[PDB]
Amino acid sequence: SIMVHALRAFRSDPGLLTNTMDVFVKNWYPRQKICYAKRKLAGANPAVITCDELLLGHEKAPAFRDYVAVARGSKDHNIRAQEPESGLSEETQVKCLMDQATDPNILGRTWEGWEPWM
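For the sequence shown, the residue numbers in full-length UniProt numbering are 3982 to 4007, 4037 to 4128.
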């Protein structure tokens, strides 16, 4: 619920931060990642951006088909998977962003050193 109160304060006015984040005048990896930032500050889904990243050239690694099937989850029992891609309220946005972070089927296949068990 603290994230309800936090993300609402940003999502309400997407210009203020995204327009500042055009500081990357320094394709342009800036344009194509800010293209995603403008979507995710607006109503867009967290797993969708992960699929969208994996589609963005990383489709050369063989498990990309499966990486998307981990990101998209199972429509039977993952609470992200039933939602649309875009137009999400602060509730739907964060409700799903929980699921895509807490997934035991992500955590059960991931980097050591970095640490799901701590």
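The beta-carbon is built from N, C-alpha and C at its ideal position, and this holds for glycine as well.
Open item on the list: Just verifying my parser: in three-state terms, what is the DSSP assignment at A4047?
Closed with: Sequence index remark: in the sequence shown, residue 4047 carries index 37 (1-based). Residue state, collapsed to three classes: helix.
TODO: Starting from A4054, follow its DSSP beta bridges and name the residues at the other end.
DONE: Position 44 of the sequence shown, counted from the first residue, corresponds to residue 4054. As a beta-bridge residue in DSSP terms, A4054 pairs with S4096.
Open item on the list: Determine whether the beta carbon atoms of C4106 and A4081 lie at a separation below 9 Å.
Closed with: The residue you call residue 4106 lines up with position 96 of the sequence shown. The residue you call residue 4081 lines up with position 71 of the sequence shown. The answer is no: Cβ separation not under 9 Å.
TODO: Indicate whether the contact test is met: 3 or more Cβ pairs, each with one atom in the region 4050 to 4060 and one in the region 4106 to 4121, closer than 8 Å.
DONE: Yes: at least three Cβ pairs fall under 8 Å.
Task: Own chain, CB closer than 6 Å to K4085, minus 5 neighbours either side, in chain order - done: Working through the sequence shown from its first residue, we reach residue 4085 at position 75. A4091, listed in sequence order.
- [ ] Could you tell me if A3987 is buried or exposed, where buried requires 16 or more neighbouring beta carbons within 10 angstroms of its beta carbon?
- [x] Within the sequence shown, the letter at position 6 stands for residue 3987. Exposed, by the Cβ-count rule.
Task: Ranges of the alpha helix (DSSP H) found wholly within the UniProt domain "FATC" (4096 to 4128), counting only runs of at least 4 - done: If you keep only unbroken alpha helix (DSSP H) runs of at least 4 residues inside the UniProt domain "FATC" (4096 to 4128), you get 4100 to 4112 and 4114 to 4117.
Open item on the list: I'd like to check one pair, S4096 with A4052: are the Cβ atoms closer than 9 Å?
Closed with: By one-based count along the sequence shown, residue 4052 stands at place 42. By one-based count along the sequence shown, residue 4096 stands at place 86. Yes, these two residues count as a Cβ contact at 9 Å.
Task: As assigned by DSSP and simplified to three states, the class of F4005 - done: Position 24 of the sequence shown, counted from the first residue, corresponds to residue 4005. In the structure shown, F4005 sits in coil (DSSP, three-state: anything other than H, G, I, E or B).
Task: With 16 other Cβ atoms within 10 Å as the buried cut-off, status of residue 4133 - done: There is no way to answer for residue 4133, as the model of the chain reaches only from 3982 to 4128.
Open item on the list: Within a Cβ cutoff of 7 Å, which residues of the same chain sit near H4087, ignoring the five residues on either side of it in sequence?
Closed with: Here residue 4087 refers to the residue found at position 77 of the sequence shown. Excluding sequence positions up to five before and after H4087, its CB lies less than 7 Å from no other CB in the same chain.
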